[PDB]
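A.B. asks: data33.json is reproduced below (JSON, N, CA and C atoms).
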```
[["chain", "number", "residue", "atom", "x", "y", "z"],
["A", 1, "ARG", "N", 11.14, -18.45, 43.10],
["A", 1, "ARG", "CA", 12.33, -17.61, 43.09],
["A", 1, "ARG", "C", 13.44, -18.32, 42.31],
["A", 2, "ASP", "N", 14.31, -17.51, 41.70],
["A", 2, "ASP", "CA", 15.53, -17.96, 41.04],
["A", 2, "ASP", "C", 15.24, -18.70, 39.74],
["A", 3, "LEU", "N", 16.18, -18.63, 38.79],
["A", 3, "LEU", "CA", 16.01, -19.29, 37.50],
["A", 3, "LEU", "C", 16.21, -20.79, 37.66],
["A", 4, "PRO", "N", 15.29, -21.62, 37.18],
["A", 4, "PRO", "CA", 15.42, -23.06, 37.37],
["A", 4, "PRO", "C", 16.54, -23.65, 36.52],
["A", 5, "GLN", "N", 16.99, -24.83, 36.93],
["A", 5, "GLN", "CA", 18.04, -25.55, 36.21],
["A", 5, "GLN", "C", 17.42, -26.22, 34.98],
["A", 6, "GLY", "N", 17.72, -25.68, 33.80],
["A", 6, "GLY", "CA", 17.17, -26.24, 32.58],
["A", 6, "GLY", "C", 17.79, -25.60, 31.37],
["A", 7, "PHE", "N", 17.43, -26.14, 30.20],
["A", 7, "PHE", "CA", 17.93, -25.66, 28.92],
["A", 7, "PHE", "C", 16.77, -25.39, 27.98],
["A", 8, "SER", "N", 16.86, -24.28, 27.24],
["A", 8, "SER", "CA", 15.81, -23.91, 26.30],
["A", 8, "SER", "C", 16.39, -22.95, 25.28],
["A", 9, "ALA", "N", 16.30, -23.31, 24.00],
["A", 9, "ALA", "CA", 16.82, -22.45, 22.95],
["A", 9, "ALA", "C", 15.89, -21.27, 22.71],
["A", 10, "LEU", "N", 16.41, -20.26, 22.01],
["A", 10, "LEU", "CA", 15.68, -19.03, 21.73],
["A", 10, "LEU", "C", 15.59, -18.84, 20.22],
["A", 11, "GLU", "N", 14.36, -18.71, 19.71],
["A", 11, "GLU", "CA", 14.02, -18.57, 18.30],
["A", 11, "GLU", "C", 13.90, -17.11, 17.91],
["A", 12, "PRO", "N", 14.42, -16.72, 16.75],
["A", 12, "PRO", "CA", 14.36, -15.31, 16.35],
["A", 12, "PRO", "C", 12.93, -14.85, 16.13],
["A", 13, "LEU", "N", 12.71, -13.56, 16.36],
["A", 13, "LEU", "CA", 11.40, -12.95, 16.14],
["A", 13, "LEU", "C", 11.44, -11.92, 15.02],
["A", 14, "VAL", "N", 12.28, -10.89, 15.14],
["A", 14, "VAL", "CA", 12.33, -9.80, 14.18],
["A", 14, "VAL", "C", 13.77, -9.41, 13.92],
["A", 15, "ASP", "N", 13.99, -8.77, 12.77],
["A", 15, "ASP", "CA", 15.27, -8.20, 12.40],
["A", 15, "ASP", "C", 15.04, -6.77, 11.95],
["A", 16, "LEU", "N", 15.82, -5.84, 12.49],
["A", 16, "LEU", "CA", 15.58, -4.43, 12.27],
["A", 16, "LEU", "C", 16.74, -3.81, 11.49],
["A", 17, "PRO", "N", 16.47, -3.16, 10.36],
["A", 17, "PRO", "CA", 17.55, -2.52, 9.60],
["A", 17, "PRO", "C", 17.82, -1.09, 10.05],
["A", 18, "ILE", "N", 17.36, -0.74, 11.26],
["A", 18, "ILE", "CA", 17.42, 0.65, 11.71],
["A", 18, "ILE", "C", 18.86, 1.16, 11.69],
["A", 19, "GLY", "N", 19.78, 0.40, 12.29],
["A", 19, "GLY", "CA", 21.17, 0.78, 12.26],
["A", 19, "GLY", "C", 21.53, 2.01, 13.06],
["A", 20, "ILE", "N", 20.75, 2.33, 14.09],
["A", 20, "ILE", "CA", 21.06, 3.47, 14.95],
["A", 20, "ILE", "C", 22.16, 3.07, 15.93],
["A", 21, "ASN", "N", 22.77, 4.06, 16.58],
["A", 21, "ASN", "CA", 23.79, 3.81, 17.59],
["A", 21, "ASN", "C", 23.11, 3.59, 18.93],
["A", 22, "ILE", "N", 23.42, 2.48, 19.59],
["A", 22, "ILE", "CA", 22.81, 2.10, 20.86],
["A", 22, "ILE", "C", 23.88, 2.10, 21.94],
["A", 23, "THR", "N", 23.58, 2.76, 23.06],
["A", 23, "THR", "CA", 24.52, 2.82, 24.18],
["A", 23, "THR", "C", 23.89, 2.61, 25.55],
["A", 24, "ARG", "N", 22.61, 2.92, 25.74],
["A", 24, "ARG", "CA", 22.02, 2.94, 27.07],
["A", 24, "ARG", "C", 20.77, 2.06, 27.09],
["A", 25, "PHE", "N", 20.35, 1.70, 28.30],
["A", 25, "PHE", "CA", 19.32, 0.68, 28.49],
["A", 25, "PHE", "C", 18.50, 1.02, 29.73],
["A", 26, "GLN", "N", 17.18, 1.01, 29.58],
["A", 26, "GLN", "CA", 16.27, 1.22, 30.70],
["A", 26, "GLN", "C", 15.00, 0.43, 30.43],
["A", 27, "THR", "N", 14.28, 0.10, 31.51],
["A", 27, "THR", "CA", 13.11, -0.76, 31.44],
["A", 27, "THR", "C", 11.88, -0.02, 31.97],
["A", 28, "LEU", "N", 10.73, -0.30, 31.36],
["A", 28, "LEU", "CA", 9.45, 0.26, 31.77],
["A", 28, "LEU", "C", 8.69, -0.75, 32.62],
["A", 29, "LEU", "N", 7.72, -0.24, 33.38],
["A", 29, "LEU", "CA", 6.87, -1.07, 34.23],
["A", 29, "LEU", "C", 5.45, -0.52, 34.19],
["A", 30, "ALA", "N", 4.55, -1.19, 34.91],
["A", 30, "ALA", "CA", 3.16, -0.78, 35.01],
["A", 30, "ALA", "C", 2.92, -0.12, 36.36],
["A", 31, "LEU", "N", 2.29, 1.05, 36.34],
["A", 31, "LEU", "CA", 2.04, 1.84, 37.54],
["A", 31, "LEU", "C", 0.56, 1.76, 37.90],
["A", 32, "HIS", "N", 0.29, 1.47, 39.17],
["A", 32, "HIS", "CA", -1.08, 1.32, 39.67],
["A", 32, "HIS", "C", -1.54, 2.68, 40.20],
["A", 33, "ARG", "N", -2.41, 3.35, 39.45],
["A", 33, "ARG", "CA", -2.96, 4.63, 39.86],
["A", 33, "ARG", "C", -4.38, 4.42, 40.36],
["A", 34, "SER", "N", -4.62, 4.77, 41.62],
["A", 34, "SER", "CA", -5.93, 4.62, 42.24],
["A", 34, "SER", "C", -6.01, 5.57, 43.42],
["A", 35, "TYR", "N", -7.02, 5.37, 44.28],
["A", 35, "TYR", "CA", -7.17, 6.21, 45.46],
["A", 35, "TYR", "C", -6.05, 6.00, 46.47],
["A", 36, "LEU", "N", -5.37, 4.85, 46.43],
["A", 36, "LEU", "CA", -4.28, 4.61, 47.37],
["A", 36, "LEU", "C", -3.12, 5.57, 47.15],
["A", 37, "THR", "N", -2.77, 5.83, 45.90],
["A", 37, "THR", "CA", -1.68, 6.74, 45.54],
["A", 37, "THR", "C", -2.20, 7.75, 44.53],
["A", 38, "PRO", "N", -2.95, 8.75, 44.98],
["A", 38, "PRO", "CA", -3.50, 9.75, 44.07],
["A", 38, "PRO", "C", -2.48, 10.86, 43.81],
["A", 39, "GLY", "N", -2.92, 11.87, 43.07],
["A", 39, "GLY", "CA", -2.08, 13.01, 42.77],
["A", 39, "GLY", "C", -1.27, 12.81, 41.50],
["A", 40, "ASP", "N", -0.16, 13.53, 41.44],
["A", 40, "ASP", "CA", 0.72, 13.49, 40.28],
["A", 40, "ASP", "C", 1.66, 12.29, 40.39],
["A", 41, "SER", "N", 2.67, 12.25, 39.51],
["A", 41, "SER", "CA", 3.63, 11.15, 39.52],
["A", 41, "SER", "C", 4.56, 11.18, 40.72],
["A", 42, "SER", "N", 4.57, 12.27, 41.49],
["A", 42, "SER", "CA", 5.43, 12.35, 42.66],
["A", 42, "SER", "C", 5.01, 11.33, 43.72],
["A", 43, "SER", "N", 3.71, 11.16, 43.93],
["A", 43, "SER", "CA", 3.20, 10.25, 44.95],
["A", 43, "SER", "C", 2.48, 9.04, 44.38],
["A", 44, "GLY", "N", 1.99, 9.11, 43.14],
["A", 44, "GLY", "CA", 1.32, 7.98, 42.53],
["A", 44, "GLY", "C", 2.28, 7.00, 41.89],
["A", 45, "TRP", "N", 3.02, 6.26, 42.71],
["A", 45, "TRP", "CA", 4.05, 5.36, 42.21],
["A", 45, "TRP", "C", 4.28, 4.24, 43.21],
["A", 46, "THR", "N", 4.20, 3.00, 42.72],
["A", 46, "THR", "CA", 4.43, 1.81, 43.53],
["A", 46, "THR", "C", 5.28, 0.83, 42.72],
["A", 47, "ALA", "N", 5.98, -0.05, 43.44],
["A", 47, "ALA", "CA", 6.87, -1.00, 42.78],
["A", 47, "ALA", "C", 6.10, -2.21, 42.26],
["A", 48, "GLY", "N", 5.50, -2.99, 43.16],
["A", 48, "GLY", "CA", 4.83, -4.21, 42.78],
["A", 48, "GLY", "C", 5.79, -5.36, 42.54],
["A", 49, "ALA", "N", 5.36, -6.58, 42.81],
["A", 49, "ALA", "CA", 6.24, -7.74, 42.67],
["A", 49, "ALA", "C", 6.60, -7.96, 41.21],
["B", 1, "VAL", "N", 8.23, 14.70, -8.26],
["B", 1, "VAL", "CA", 9.67, 14.50, -8.19],
["B", 1, "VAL", "C", 9.95, 13.44, -7.14],
["B", 2, "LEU", "N", 10.52, 12.32, -7.57],
["B", 2, "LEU", "CA", 10.87, 11.22, -6.68],
["B", 2, "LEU", "C", 12.36, 11.32, -6.38],
["B", 3, "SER", "N", 12.70, 11.68, -5.15],
["B", 3, "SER", "CA", 14.08, 11.94, -4.76],
["B", 3, "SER", "C", 14.65, 10.72, -4.04],
["B", 4, "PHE", "N", 15.77, 10.21, -4.53],
["B", 4, "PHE", "CA", 16.48, 9.12, -3.87],
["B", 4, "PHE", "C", 17.47, 9.72, -2.87],
["B", 5, "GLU", "N", 18.26, 8.87, -2.22],
["B", 5, "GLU", "CA", 19.33, 9.33, -1.35],
["B", 5, "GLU", "C", 20.54, 8.43, -1.49],
["B", 6, "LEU", "N", 21.71, 9.05, -1.60],
["B", 6, "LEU", "CA", 22.99, 8.35, -1.68],
["B", 6, "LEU", "C", 23.80, 8.70, -0.44],
["B", 7, "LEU", "N", 23.90, 7.76, 0.49],
["B", 7, "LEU", "CA", 24.63, 7.97, 1.74],
["B", 7, "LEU", "C", 25.03, 6.61, 2.29],
["B", 8, "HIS", "N", 25.49, 6.59, 3.54],
["B", 8, "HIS", "CA", 25.97, 5.38, 4.19],
["B", 8, "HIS", "C", 24.88, 4.63, 4.94],
["B", 9, "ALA", "N", 23.62, 4.78, 4.52],
["B", 9, "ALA", "CA", 22.50, 4.14, 5.20],
["B", 9, "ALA", "C", 21.97, 2.96, 4.38],
["B", 10, "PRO", "N", 21.48, 1.92, 5.04],
["B", 10, "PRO", "CA", 20.92, 0.78, 4.30],
["B", 10, "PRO", "C", 19.65, 1.16, 3.54],
["B", 11, "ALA", "N", 19.42, 0.47, 2.43],
["B", 11, "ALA", "CA", 18.27, 0.75, 1.59],
["B", 11, "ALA", "C", 17.00, 0.19, 2.20],
["B", 12, "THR", "N", 15.95, 1.00, 2.24],
["B", 12, "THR", "CA", 14.65, 0.59, 2.77],
["B", 12, "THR", "C", 13.68, 0.20, 1.66],
["B", 13, "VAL", "N", 13.42, 1.12, 0.73],
["B", 13, "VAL", "CA", 12.55, 0.81, -0.41],
["B", 13, "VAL", "C", 13.33, -0.06, -1.39],
["B", 14, "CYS", "N", 12.86, -1.30, -1.58],
["B", 14, "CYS", "CA", 13.52, -2.26, -2.44],
["B", 14, "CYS", "C", 12.47, -3.20, -3.02],
["B", 15, "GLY", "N", 12.94, -4.38, -3.46],
["B", 15, "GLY", "CA", 12.08, -5.38, -4.05],
["B", 15, "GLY", "C", 12.43, -5.67, -5.49],
["B", 16, "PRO", "N", 13.12, -6.80, -5.71],
["B", 16, "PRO", "CA", 13.61, -7.12, -7.06],
["B", 16, "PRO", "C", 12.53, -7.70, -7.97],
["B", 17, "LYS", "N", 11.47, -8.24, -7.38],
["B", 17, "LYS", "CA", 10.39, -8.91, -8.11],
["B", 17, "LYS", "C", 11.01, -10.08, -8.87],
["B", 18, "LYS", "N", 10.78, -10.22, -10.18],
["B", 18, "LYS", "CA", 11.28, -11.31, -11.02],
["B", 18, "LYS", "C", 10.57, -12.62, -10.65],
["B", 19, "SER", "N", 10.33, -13.48, -11.65],
["B", 19, "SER", "CA", 9.62, -14.73, -11.40],
["B", 19, "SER", "C", 9.87, -15.70, -12.54],
["B", 20, "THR", "N", 10.26, -16.93, -12.20],
["B", 20, "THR", "CA", 10.33, -18.03, -13.15],
["B", 20, "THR", "C", 9.78, -19.28, -12.48],
["B", 21, "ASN", "N", 9.33, -20.22, -13.30],
["B", 21, "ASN", "CA", 8.67, -21.41, -12.78],
["B", 21, "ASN", "C", 9.69, -22.38, -12.19],
["B", 22, "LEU", "N", 9.17, -23.46, -11.61],
["B", 22, "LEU", "CA", 9.98, -24.48, -10.96],
["B", 22, "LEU", "C", 9.85, -25.80, -11.72],
["B", 23, "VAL", "N", 10.98, -26.46, -11.95],
["B", 23, "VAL", "CA", 11.02, -27.76, -12.59],
["B", 23, "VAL", "C", 11.64, -28.76, -11.62],
["B", 24, "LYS", "N", 11.45, -30.04, -11.91],
["B", 24, "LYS", "CA", 11.92, -31.10, -11.03],
["B", 24, "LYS", "C", 12.55, -32.22, -11.86],
["B", 25, "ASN", "N", 13.45, -32.96, -11.20],
["B", 25, "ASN", "CA", 14.09, -34.14, -11.78],
["B", 25, "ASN", "C", 14.89, -33.80, -13.05],
["B", 26, "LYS", "N", 15.47, -32.60, -13.08],
["B", 26, "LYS", "CA", 16.31, -32.19, -14.19],
["B", 26, "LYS", "C", 17.44, -31.32, -13.66],
["B", 27, "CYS", "N", 18.67, -31.61, -14.09],
["B", 27, "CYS", "CA", 19.81, -30.79, -13.69],
["B", 27, "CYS", "C", 19.63, -29.38, -14.23],
["B", 28, "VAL", "N", 19.59, -28.39, -13.33],
["B", 28, "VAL", "CA", 19.24, -27.02, -13.69],
["B", 28, "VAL", "C", 19.90, -26.08, -12.70],
["B", 29, "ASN", "N", 20.22, -24.87, -13.18],
["B", 29, "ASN", "CA", 20.79, -23.84, -12.33],
["B", 29, "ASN", "C", 19.71, -23.14, -11.51],
["B", 30, "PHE", "N", 20.00, -22.87, -10.24],
["B", 30, "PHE", "CA", 19.05, -22.19, -9.38],
["B", 30, "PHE", "C", 19.73, -21.08, -8.59],
["B", 31, "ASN", "N", 18.98, -20.01, -8.34],
["B", 31, "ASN", "CA", 19.44, -18.82, -7.63],
["B", 31, "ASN", "C", 18.39, -18.37, -6.62],
["B", 32, "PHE", "N", 17.92, -19.30, -5.78],
["B", 32, "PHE", "CA", 16.80, -19.05, -4.86],
["B", 32, "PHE", "C", 16.89, -17.72, -4.13],
["B", 33, "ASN", "N", 17.92, -17.53, -3.30],
["B", 33, "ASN", "CA", 18.04, -16.30, -2.54],
["B", 33, "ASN", "C", 19.49, -15.82, -2.49],
["B", 34, "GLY", "N", 20.24, -16.05, -3.55],
["B", 34, "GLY", "CA", 21.65, -15.71, -3.57],
["B", 34, "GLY", "C", 22.51, -16.94, -3.72],
["B", 35, "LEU", "N", 22.11, -18.03, -3.06],
["B", 35, "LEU", "CA", 22.81, -19.29, -3.21],
["B", 35, "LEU", "C", 22.60, -19.85, -4.61],
["B", 36, "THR", "N", 23.66, -20.43, -5.17],
["B", 36, "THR", "CA", 23.63, -20.95, -6.52],
["B", 36, "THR", "C", 24.23, -22.35, -6.54],
["B", 37, "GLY", "N", 23.65, -23.22, -7.36],
["B", 37, "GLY", "CA", 24.15, -24.57, -7.49],
["B", 37, "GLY", "C", 23.47, -25.27, -8.64],
["B", 38, "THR", "N", 23.95, -26.48, -8.92],
["B", 38, "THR", "CA", 23.42, -27.30, -10.00],
["B", 38, "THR", "C", 23.00, -28.65, -9.45],
["B", 39, "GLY", "N", 21.87, -29.15, -9.92],
["B", 39, "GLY", "CA", 21.39, -30.45, -9.47],
["B", 39, "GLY", "C", 19.93, -30.62, -9.80],
["B", 40, "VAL", "N", 19.39, -31.73, -9.33],
["B", 40, "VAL", "CA", 17.98, -32.07, -9.52],
["B", 40, "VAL", "C", 17.24, -31.82, -8.21],
["B", 41, "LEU", "N", 16.00, -31.36, -8.32],
["B", 41, "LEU", "CA", 15.18, -31.03, -7.17],
["B", 41, "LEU", "C", 14.04, -32.03, -7.07],
["B", 42, "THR", "N", 13.94, -32.70, -5.93],
["B", 42, "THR", "CA", 12.90, -33.69, -5.69],
["B", 42, "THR", "C", 12.16, -33.34, -4.40],
["B", 43, "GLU", "N", 10.96, -33.89, -4.26],
["B", 43, "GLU", "CA", 10.21, -33.71, -3.03],
["B", 43, "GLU", "C", 10.90, -34.42, -1.87],
["B", 44, "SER", "N", 10.96, -33.74, -0.73],
["B", 44, "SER", "CA", 11.65, -34.25, 0.45],
["B", 44, "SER", "C", 10.70, -34.26, 1.63],
["B", 45, "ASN", "N", 10.84, -35.26, 2.49],
["B", 45, "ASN", "CA", 9.97, -35.43, 3.64],
["B", 45, "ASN", "C", 10.51, -34.79, 4.91],
["B", 46, "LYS", "N", 11.69, -34.18, 4.87],
["B", 46, "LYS", "CA", 12.25, -33.56, 6.06],
["B", 46, "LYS", "C", 11.44, -32.33, 6.45],
["B", 47, "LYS", "N", 11.33, -32.09, 7.75],
["B", 47, "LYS", "CA", 10.54, -30.99, 8.29],
["B", 47, "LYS", "C", 11.45, -29.90, 8.81],
["B", 48, "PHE", "N", 11.26, -28.68, 8.31],
["B", 48, "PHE", "CA", 12.03, -27.53, 8.74],
["B", 48, "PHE", "C", 11.32, -26.81, 9.88],
["B", 49, "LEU", "N", 12.10, -26.04, 10.63],
["B", 49, "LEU", "CA", 11.49, -25.14, 11.59],
["B", 49, "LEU", "C", 10.99, -23.89, 10.87],
["B", 50, "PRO", "N", 9.93, -23.25, 11.37],
["B", 50, "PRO", "CA", 9.30, -22.16, 10.62],
["B", 50, "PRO", "C", 10.23, -21.00, 10.28]]
```
Hey, can you dump this file as C-alpha cells for me?

C.D. replies:
Amino acid sequence: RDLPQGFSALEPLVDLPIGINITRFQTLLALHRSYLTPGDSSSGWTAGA
Amino acid sequence: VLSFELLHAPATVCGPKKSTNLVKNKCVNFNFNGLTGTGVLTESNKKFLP
C-alpha cells in the first residue's frame, strides 16, 4: 500500500500533433465476465483490486 | 486532384528530404535540425540517452 519514498525520472514516449481540445478525464478497467456475474452489463460488473 | 488545406491546423504530410555528406576535422557550417554553427566535428566518447 501507498507510494514508496523514492525518486525516479520519467522518459518521454510519444508526441502527438493532434491538437484537439481536452477537458475531461476518465479511466477504463478490466471486467470479469463469467458464471458469477452473468447477463448484461447491469449485473456483470465487479471492481477487483 | 491533390487537394491541400490552408487553415489553423498543424501540417501532417511533410518531409523535407535533402541530403549532404559529413566531413570531419574541418571548420564547416552545419544545419543538423535547425541549429546552426561553425566548427570542427570529431568523434566523441560521451554516451547519450536514447

A.B. asks: Please return, as an NGL selection string, all residues of chain A lying within 8 Å of chain B when all atoms listed in the file are considered.

C.D. replies: :A and (17-19)

A.B. asks: One decimal, in Å: what's the spacing between atom CA of residue 10 of chain A and atom C of residue 36 of chain B?

C.D. replies: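 Distance reported for this atom pair: 29.7 Å.
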
A.B. asks: Set the distance at 5 Å and use all atoms listed in the file: which residues neighbour residue 40 of chain B once local chain neighbours fewer than 4 positions away are removed? I'd like the list as number ranges by chain.

C.D. replies: B: 25-27

A.B. asks: Tell me, in Å to one decimal, how far atom N of residue 30 of chain A is from atom C of residue 45 of chain A.

C.D. replies: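 Straight-line distance from atom N of residue 30 of chain A to atom C of residue 45 of chain A works out to 9.9 Å.
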
A.B. asks: Could you tell me how far atom CA of residue 11 of chain A lies from atom CA of residue 47 of chain B, in Å and to one decimal?

C.D. replies: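 Separation of atom CA of residue 11 of chain A and atom CA of residue 47 of chain B: 16.3 Å.
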
A.B. asks: Counting only N, CA and C atoms, what is within 7 Å of residue 44 of chain A, bar same-chain residues fewer than 3 positions away, as an MDAnalysis selection string?

C.D. replies: chainID A and resid 31:34 36:41

A.B. asks: Quick one: 8 Å padding each side, axis-aligned, all listed atoms of segment 16-31 of chain B - centre and edge lengths in Å to one decimal, as JSON?

C.D. replies:
```
{"center_x": 14.7, "center_y": -20.5, "center_z": -10.0, "size_x": 28.1, "size_y": 43.3, "size_z": 24.5}
```

A.B. asks: Residues within 12 Å of residue 32 of chain B, please, as number ranges by chain. Count only C-alpha atoms; anything in the same chain fewer than 5 positions from it doesn't count.

C.D. replies: B: 18-22, 37-38

A.B. asks: May I have the residues from that selection written out with N, CA and C atoms, as a compact mmCIF listing (two decimals), in the frame of the given file?

C.D. replies:
```txt
# COMPACT_ATOMS: atom_id res chain seq x y z
N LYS B 18 10.78 -10.22 -10.18
CA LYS B 18 11.28 -11.31 -11.02
C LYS B 18 10.57 -12.62 -10.65
N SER B 19 10.33 -13.48 -11.65
CA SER B 19 9.62 -14.73 -11.40
C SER B 19 9.87 -15.70 -12.54
N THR B 20 10.26 -16.93 -12.20
CA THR B 20 10.33 -18.03 -13.15
C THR B 20 9.78 -19.28 -12.48
N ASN B 21 9.33 -20.22 -13.30
CA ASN B 21 8.67 -21.41 -12.78
C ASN B 21 9.69 -22.38 -12.19
N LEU B 22 9.17 -23.46 -11.61
CA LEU B 22 9.98 -24.48 -10.96
C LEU B 22 9.85 -25.80 -11.72
N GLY B 37 23.65 -23.22 -7.36
CA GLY B 37 24.15 -24.57 -7.49
C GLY B 37 23.47 -25.27 -8.64
N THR B 38 23.95 -26.48 -8.92
CA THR B 38 23.42 -27.30 -10.00
C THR B 38 23.00 -28.65 -9.45
```

A.B. asks: Could you pull out the residues in chain B that DSSP calls strand (DSSP E or B) from the backbone, as a list in words?

C.D. replies: residues 28, 29, 30, 37, 38 and 39 of chain B

A.B. asks: Can you fill out segment 38-50 of chain B with N, CA, C and O atoms and hand it back as a short mmCIF file (atom, residue, chain, number, x, y, z; two decimals), in the coordinates of the input?

C.D. replies:
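Now in part_30.cif:
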```cif
data_model
loop_
_atom_site.label_atom_id
_atom_site.label_comp_id
_atom_site.auth_asym_id
_atom_site.auth_seq_id
_atom_site.Cartn_x
_atom_site.Cartn_y
_atom_site.Cartn_z
N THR B 38 23.95 -26.48 -8.92
CA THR B 38 23.42 -27.30 -10.00
C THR B 38 23.00 -28.65 -9.45
O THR B 38 23.70 -29.23 -8.60
N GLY B 39 21.87 -29.15 -9.92
CA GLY B 39 21.39 -30.45 -9.47
C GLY B 39 19.93 -30.62 -9.80
O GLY B 39 19.30 -29.78 -10.44
N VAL B 40 19.39 -31.73 -9.33
CA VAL B 40 17.98 -32.07 -9.52
C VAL B 40 17.24 -31.82 -8.21
O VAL B 40 17.78 -32.03 -7.12
N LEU B 41 16.00 -31.36 -8.32
CA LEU B 41 15.18 -31.03 -7.17
C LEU B 41 14.04 -32.03 -7.07
O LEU B 41 13.27 -32.20 -8.03
N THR B 42 13.94 -32.70 -5.93
CA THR B 42 12.90 -33.69 -5.69
C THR B 42 12.16 -33.34 -4.40
O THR B 42 12.65 -32.58 -3.57
N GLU B 43 10.96 -33.89 -4.26
CA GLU B 43 10.21 -33.71 -3.03
C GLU B 43 10.90 -34.42 -1.87
O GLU B 43 11.37 -35.55 -2.01
N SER B 44 10.96 -33.74 -0.73
CA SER B 44 11.65 -34.25 0.45
C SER B 44 10.70 -34.26 1.63
O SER B 44 9.85 -33.37 1.76
N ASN B 45 10.84 -35.26 2.49
CA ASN B 45 9.97 -35.43 3.64
C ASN B 45 10.51 -34.79 4.91
O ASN B 45 9.85 -34.87 5.95
N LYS B 46 11.69 -34.18 4.87
CA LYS B 46 12.25 -33.56 6.06
C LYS B 46 11.44 -32.33 6.45
O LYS B 46 10.92 -31.61 5.59
N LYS B 47 11.33 -32.09 7.75
CA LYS B 47 10.54 -30.99 8.29
C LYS B 47 11.45 -29.90 8.81
O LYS B 47 12.32 -30.15 9.65
N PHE B 48 11.26 -28.68 8.31
CA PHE B 48 12.03 -27.53 8.74
C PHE B 48 11.32 -26.81 9.88
O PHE B 48 10.11 -26.94 10.08
N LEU B 49 12.10 -26.04 10.63
CA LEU B 49 11.49 -25.14 11.59
C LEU B 49 10.99 -23.89 10.87
O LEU B 49 11.56 -23.48 9.85
N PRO B 50 9.93 -23.25 11.37
CA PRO B 50 9.30 -22.16 10.62
C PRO B 50 10.23 -21.00 10.28
O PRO B 50 10.01 -20.33 9.27
#
```
